[PDB]
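Undergrad: Please read through the structure below; I'll follow up with questions.
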There are 2 protein chains.
Amino acid sequence: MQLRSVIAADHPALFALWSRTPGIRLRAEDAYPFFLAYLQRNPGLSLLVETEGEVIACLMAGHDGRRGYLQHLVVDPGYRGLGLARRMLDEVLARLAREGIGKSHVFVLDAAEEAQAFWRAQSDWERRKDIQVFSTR
Amino acid sequence: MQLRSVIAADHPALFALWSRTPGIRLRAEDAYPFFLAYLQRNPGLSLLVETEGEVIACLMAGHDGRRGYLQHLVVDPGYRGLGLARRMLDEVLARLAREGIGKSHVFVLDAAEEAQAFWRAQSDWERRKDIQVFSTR
């Protein structure tokens with residue numbers, strides 16, 4: 001059970017992970033070039049857990065110099081109950097604070113009832129009731 | 001009426017502008033060191049408009065390598081109806097596109113009826129009905 005920084009060479013294994021994660025809709029920026037630039041801008045901030053050379057969990061993260069933003073938090077079905085999510089989440093938040101980032105955000109689909117339950121259960125996070133989000137179409 | 005990149009030396013003028021802008025609540029990350037880091041990480045992405053040596057509008061922006069995030073959109077009350085917000089917005093979105101950032105977000109308080117109205121009127125943006133945002137406490 002090893003936790004470590006995602007690097008560029010992890011792309012195949014991570015992309016296969018995301019492809020088999022039913023709540024993830026793959027996008028153009030899950031492809032290598034976007035991934036490479038994301039890692040180079042956020043070095044050390046995205047983490048994975050591997051075991052026996054297989055990647056079973058990840059948390060992609062980065063920031064814009066003001067706030068942190070979490071992206072794809074995945075724990076393989078065979079690896080639930082081991083605290084992995086919390087463990088990746090703790091280490092990403094600490095790494096972010098080294099860069100001065102004290103506040104982070106995550107977006108979560110209404111559809112994604114498991115993901116919503118996960119985030120409601122995190123005592124160090126709150127669901128935002130005071131804001132609208134607008135996005136480019 | 002000149003539009004240009006925000007640079008580090010603009011901190012005192014921009015900080016005073018945000019201080020007299022009622023929709024903004026000044027936080028730790030608006031102080032000089034966070035501003036300086038934000039600009040270094042997002043060079044040329046934040047814009048301001050000046051006239052007669054006075055700053056009369058701004059749009060702070062940046063990205064985390066995957067998405068753009070807009071921050072402190074201000075247009076002085078004496079300079080409304082000149083298209084300034086739109087002008088800064090179009091240039092920000094084009095500079096982001098060069099870096100590969102094709103989708104961007106802005107958070108807007110429910111209480112900010114004037115910002116709500118402005119974002120609702122922008123056809124290239126959409127209010128998100130499909131997500132929750134969770135933030136660290």
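In the structure tokens, chains take the letters A, B, ... in the order shown, each chain's residues start at 1, and ligands count up from 1 in the order shown.
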For chain A versus chain B, which residues have an atom no more than 7 Å away, and what is each residue's nearest atom pair and distance in Å rounded to one decimal, using only C-alpha atoms, chain-then-number order, as CSV?

TA:
```
residue,atom,partner,partner_atom,distance
A:29,CA,B:66,CA,6.9
A:37,CA,B:65,CA,6.5
A:38,CA,B:65,CA,4.7
A:41,CA,B:65,CA,6.5
A:62,CA,B:64,CA,5.8
A:63,CA,B:64,CA,4.8
A:64,CA,B:64,CA,4.4
A:65,CA,B:38,CA,4.7
A:66,CA,B:29,CA,6.5
A:103,CA,B:136,CA,5.7
A:104,CA,B:136,CA,5.6
A:105,CA,B:135,CA,4.5
A:106,CA,B:134,CA,5.5
A:107,CA,B:133,CA,4.7
A:108,CA,B:132,CA,5.2
A:109,CA,B:131,CA,4.5
A:110,CA,B:131,CA,5.3
A:124,CA,B:137,CA,5.8
A:125,CA,B:136,CA,4.3
A:126,CA,B:134,CA,5.3
A:127,CA,B:134,CA,4.3
A:128,CA,B:133,CA,5.6
A:130,CA,B:110,CA,5.6
A:131,CA,B:109,CA,4.3
A:132,CA,B:108,CA,5.2
A:133,CA,B:107,CA,4.7
A:134,CA,B:127,CA,4.4
A:135,CA,B:105,CA,4.4
A:136,CA,B:125,CA,4.3
A:137,CA,B:125,CA,5.3
```

Undergrad: Between CA of residue 21 (chain B) and CA of residue 43 (chain B), what distance in Å does the model show, to one decimal?

TA: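 We find that CA of residue 21 (chain B) and CA of residue 43 (chain B) lie 24.2 Å from each other.
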
Undergrad: Determine, counting only C-alpha atoms, which protein, DNA and RNA residues have an atom within 12 Å of an atom of residue 75 (chain B); residues of the same chain fewer than 3 positions away are not included. Present the result as an mmCIF file with C-alpha atoms, in the first residue's frame.

TA:
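This went into result-v7.cif:
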```cif
data_model
loop_
_atom_site.group_PDB
_atom_site.id
_atom_site.type_symbol
_atom_site.label_atom_id
_atom_site.label_comp_id
_atom_site.auth_asym_id
_atom_site.auth_seq_id
_atom_site.Cartn_x
_atom_site.Cartn_y
_atom_site.Cartn_z
ATOM 1 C CA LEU B 14 -5.950 47.671 -6.515
ATOM 2 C CA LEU B 17 -10.135 49.840 -5.138
ATOM 3 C CA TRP B 18 -11.272 46.536 -3.600
ATOM 4 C CA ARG B 20 -14.079 50.755 -1.524
ATOM 5 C CA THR B 21 -16.038 48.131 -3.450
ATOM 6 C CA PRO B 22 -18.942 46.898 -1.293
ATOM 7 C CA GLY B 23 -19.354 43.518 -3.002
ATOM 8 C CA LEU B 47 -6.245 42.903 -16.122
ATOM 9 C CA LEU B 48 -7.036 46.417 -15.128
ATOM 10 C CA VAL B 49 -8.259 49.562 -16.803
ATOM 11 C CA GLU B 50 -6.819 52.896 -15.939
ATOM 12 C CA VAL B 55 -7.499 52.450 -11.739
ATOM 13 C CA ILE B 56 -11.138 52.242 -12.517
ATOM 14 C CA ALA B 57 -11.719 48.510 -13.260
ATOM 15 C CA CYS B 58 -10.185 45.120 -12.826
ATOM 16 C CA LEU B 59 -10.557 41.481 -13.351
ATOM 17 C CA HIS B 72 -12.552 40.203 -8.295
ATOM 18 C CA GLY B 78 -18.555 56.358 -12.666
ATOM 19 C CA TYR B 79 -17.483 54.098 -15.612
ATOM 20 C CA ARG B 80 -20.404 51.818 -16.077
ATOM 21 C CA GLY B 81 -22.064 51.354 -19.482
ATOM 22 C CA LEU B 82 -18.771 51.639 -21.350
ATOM 23 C CA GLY B 83 -18.468 47.854 -21.944
ATOM 24 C CA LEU B 84 -15.453 47.550 -19.602
ATOM 25 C CA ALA B 85 -16.336 44.337 -17.830
ATOM 26 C CA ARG B 86 -17.001 42.563 -21.134
ATOM 27 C CA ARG B 87 -13.814 43.908 -22.641
ATOM 28 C CA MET B 88 -11.700 42.579 -19.738
ATOM 29 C CA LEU B 89 -13.628 39.313 -19.801
ATOM 30 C CA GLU B 114 -25.767 43.131 -9.047
ATOM 31 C CA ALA B 115 -23.111 40.496 -9.891
ATOM 32 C CA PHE B 118 -24.445 40.703 -14.707
#
```

Undergrad: From a DSSP calculation on the backbone, collect every residue of region 50-93 of chain B in alpha helix (DSSP H) and output the set as number ranges by chain.

TA: B: 84-93

Undergrad: With C-alpha atoms kept, could you save the residues just selected as a JSON list (two decimals), in the first residue's frame?

TA:
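Generated output (selection-v3.json):
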```json
[["chain", "number", "residue", "atom", "x", "y", "z"],
["B", 84, "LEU", "CA", -15.45, 47.55, -19.60],
["B", 85, "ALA", "CA", -16.34, 44.34, -17.83],
["B", 86, "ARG", "CA", -17.00, 42.56, -21.13],
["B", 87, "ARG", "CA", -13.81, 43.91, -22.64],
["B", 88, "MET", "CA", -11.70, 42.58, -19.74],
["B", 89, "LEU", "CA", -13.63, 39.31, -19.80],
["B", 90, "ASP", "CA", -13.05, 38.66, -23.52],
["B", 91, "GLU", "CA", -9.30, 39.38, -23.17],
["B", 92, "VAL", "CA", -8.98, 37.17, -20.08],
["B", 93, "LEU", "CA", -10.68, 34.29, -21.78]]
```

Undergrad: Leaving out residue 53 (chain B) and any residue of its chain fewer than 6 positions from it, which residues lie within 12 Å of it when counting only C-alpha atoms, given as number ranges by chain?

TA: B: 1-2, 10, 13

Undergrad: As an exercise, work out the distance from CA of residue 4 (chain A) to CA of residue 26 (chain A) in Å and give it to one decimal place.

TA: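 If I compute the distance from CA of residue 4 (chain A) to CA of residue 26 (chain A), I get 23.3 Å.
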
Undergrad: Which of these residues is nearest to residue 74 (chain A), using only C-alpha atoms: A:16, A:97, A:121, A:31?

TA: A:16

Undergrad: Using DSSP on the backbone, list every residue of chain B that comes out as strand (DSSP E), and give them as a CSV table (one decimal) with N, CA, C and O atoms, in the first residue's frame.

TA:
```csv
chain,number,residue,atom,x,y,z
B,2,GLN,N,-7.0,53.0,-20.7
B,2,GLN,CA,-6.1,51.9,-21.1
B,2,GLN,C,-6.3,50.6,-20.4
B,2,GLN,O,-6.4,50.6,-19.2
B,3,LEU,N,-6.3,49.5,-21.1
B,3,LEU,CA,-6.4,48.1,-20.6
B,3,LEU,C,-5.1,47.5,-20.6
B,3,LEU,O,-4.4,47.6,-21.5
B,4,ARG,N,-4.6,46.9,-19.4
B,4,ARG,CA,-3.3,46.3,-19.4
B,4,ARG,C,-3.3,45.2,-18.3
B,4,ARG,O,-4.2,45.1,-17.5
B,5,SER,N,-2.2,44.4,-18.3
B,5,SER,CA,-1.9,43.4,-17.3
B,5,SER,C,-1.6,44.1,-16.0
B,5,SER,O,-0.9,45.1,-15.9
B,47,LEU,N,-6.2,41.7,-15.4
B,47,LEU,CA,-6.2,42.9,-16.1
B,47,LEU,C,-6.8,44.1,-15.3
B,47,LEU,O,-7.6,43.8,-14.4
B,48,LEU,N,-6.4,45.3,-15.6
B,48,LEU,CA,-7.0,46.4,-15.1
B,48,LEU,C,-7.2,47.5,-16.2
B,48,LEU,O,-6.5,47.5,-17.2
B,49,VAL,N,-8.1,48.4,-15.9
B,49,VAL,CA,-8.3,49.6,-16.8
B,49,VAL,C,-8.0,50.8,-16.0
B,49,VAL,O,-8.5,50.9,-14.9
B,50,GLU,N,-7.2,51.7,-16.6
B,50,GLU,CA,-6.8,52.9,-15.9
B,50,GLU,C,-7.1,54.1,-16.8
B,50,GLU,O,-7.2,53.9,-18.1
B,51,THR,N,-7.3,55.2,-16.2
B,51,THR,CA,-7.5,56.5,-16.9
B,51,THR,C,-7.0,57.6,-16.0
B,51,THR,O,-7.1,57.5,-14.8
B,54,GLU,N,-5.6,56.7,-12.8
B,54,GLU,CA,-6.4,56.1,-11.8
B,54,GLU,C,-7.0,54.8,-12.3
B,54,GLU,O,-7.4,54.7,-13.4
B,55,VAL,N,-7.0,53.8,-11.4
B,55,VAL,CA,-7.5,52.5,-11.7
B,55,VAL,C,-9.0,52.5,-11.6
B,55,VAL,O,-9.5,52.7,-10.5
B,56,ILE,N,-9.7,52.2,-12.6
B,56,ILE,CA,-11.1,52.2,-12.5
B,56,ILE,C,-11.9,50.9,-12.8
B,56,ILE,O,-13.1,50.8,-12.8
B,57,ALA,N,-11.1,49.8,-13.1
B,57,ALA,CA,-11.7,48.5,-13.3
B,57,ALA,C,-10.7,47.4,-13.2
B,57,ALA,O,-9.5,47.7,-13.5
B,58,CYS,N,-11.1,46.2,-12.9
B,58,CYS,CA,-10.2,45.1,-12.8
B,58,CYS,C,-10.9,43.8,-12.9
B,58,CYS,O,-12.1,43.7,-12.7
B,59,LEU,N,-10.1,42.9,-13.3
B,59,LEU,CA,-10.6,41.5,-13.4
B,59,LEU,C,-9.3,40.6,-13.1
B,59,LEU,O,-8.4,40.6,-13.9
B,61,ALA,N,-7.7,37.1,-12.6
B,61,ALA,CA,-7.9,35.7,-13.0
B,61,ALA,C,-6.7,34.9,-13.0
B,61,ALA,O,-5.6,35.4,-13.0
B,62,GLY,N,-7.0,33.6,-13.2
B,62,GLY,CA,-5.9,32.6,-13.2
B,62,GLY,C,-6.4,31.2,-13.4
B,62,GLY,O,-7.6,31.0,-13.6
B,63,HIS,N,-5.5,30.3,-13.4
B,63,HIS,CA,-5.9,28.8,-13.6
B,63,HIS,C,-5.0,27.9,-12.8
B,63,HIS,O,-3.9,28.2,-12.4
B,68,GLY,N,-10.0,27.7,-15.6
B,68,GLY,CA,-9.8,29.1,-15.2
B,68,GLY,C,-10.7,29.4,-14.1
B,68,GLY,O,-11.8,28.8,-14.0
B,69,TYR,N,-10.3,30.4,-13.2
B,69,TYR,CA,-11.1,30.8,-12.1
B,69,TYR,C,-11.0,32.4,-12.1
B,69,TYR,O,-9.9,32.9,-12.1
B,70,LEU,N,-12.2,33.0,-12.1
B,70,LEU,CA,-12.2,34.5,-12.1
B,70,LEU,C,-12.5,34.9,-10.7
B,70,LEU,O,-13.3,34.3,-9.9
B,74,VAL,N,-14.3,44.2,-10.9
B,74,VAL,CA,-14.8,45.5,-10.5
B,74,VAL,C,-14.8,46.5,-11.6
B,74,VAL,O,-14.0,46.5,-12.4
B,75,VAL,N,-15.9,47.3,-11.6
B,75,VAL,CA,-15.9,48.5,-12.5
B,75,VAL,C,-16.4,49.7,-11.7
B,75,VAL,O,-17.5,49.6,-11.2
B,104,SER,N,-13.8,27.9,-17.8
B,104,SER,CA,-13.6,28.7,-16.6
B,104,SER,C,-14.9,28.8,-15.8
B,104,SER,O,-16.0,28.6,-16.3
B,105,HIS,N,-14.6,29.2,-14.5
B,105,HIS,CA,-15.7,29.4,-13.5
B,105,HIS,C,-15.5,30.7,-12.8
B,105,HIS,O,-14.4,31.3,-12.6
B,106,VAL,N,-16.7,31.1,-12.3
B,106,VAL,CA,-16.7,32.2,-11.3
B,106,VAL,C,-17.8,31.8,-10.2
B,106,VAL,O,-18.8,31.3,-10.5
B,107,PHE,N,-17.4,32.1,-9.0
B,107,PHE,CA,-18.3,32.0,-7.8
B,107,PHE,C,-18.9,33.3,-7.5
B,107,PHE,O,-18.2,34.3,-7.4
B,108,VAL,N,-20.2,33.4,-7.3
B,108,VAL,CA,-20.9,34.6,-7.1
B,108,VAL,C,-21.9,34.4,-5.9
B,108,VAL,O,-22.9,33.6,-6.0
B,109,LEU,N,-21.8,35.3,-4.9
B,109,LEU,CA,-22.7,35.2,-3.7
B,109,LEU,C,-24.1,35.4,-4.1
B,109,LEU,O,-24.4,36.2,-5.0
B,125,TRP,N,-21.9,32.3,-20.8
B,125,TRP,CA,-21.8,31.6,-19.5
B,125,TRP,C,-23.1,31.1,-19.1
B,125,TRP,O,-24.2,31.5,-19.5
B,126,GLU,N,-23.1,30.1,-18.2
B,126,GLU,CA,-24.3,29.4,-17.7
B,126,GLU,C,-24.3,29.2,-16.2
B,126,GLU,O,-23.2,28.8,-15.6
B,127,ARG,N,-25.4,29.4,-15.5
B,127,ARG,CA,-25.5,29.2,-14.1
B,127,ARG,C,-25.6,27.7,-13.9
B,127,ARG,O,-26.4,27.1,-14.4
B,131,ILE,N,-24.5,21.0,-9.9
B,131,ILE,CA,-23.5,20.7,-8.9
B,131,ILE,C,-23.6,21.3,-7.5
B,131,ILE,O,-24.3,22.2,-7.3
B,132,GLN,N,-22.9,20.7,-6.5
B,132,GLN,CA,-22.7,21.3,-5.3
B,132,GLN,C,-21.2,21.7,-5.2
B,132,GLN,O,-20.4,21.0,-5.8
B,133,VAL,N,-20.9,22.7,-4.5
B,133,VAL,CA,-19.6,23.1,-4.1
B,133,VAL,C,-19.4,22.8,-2.7
B,133,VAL,O,-20.2,23.2,-1.8
B,134,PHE,N,-18.4,22.0,-2.3
B,134,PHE,CA,-17.9,21.9,-0.9
B,134,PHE,C,-16.6,22.6,-0.8
B,134,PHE,O,-15.7,22.5,-1.7
B,135,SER,N,-16.4,23.4,0.3
B,135,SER,CA,-15.2,24.1,0.6
B,135,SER,C,-14.7,23.7,1.9
B,135,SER,O,-15.4,23.3,2.8
B,136,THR,N,-13.4,23.8,2.2
B,136,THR,CA,-12.8,23.6,3.5
B,136,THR,C,-13.3,24.7,4.5
B,136,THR,O,-13.5,25.9,4.0
```

Undergrad: Give me, please, the distance in Å between CA of residue 46 (chain A) and CA of residue 95 (chain A), quoted to one decimal.

TA: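 Distance between the two atoms: 9.5 Å.
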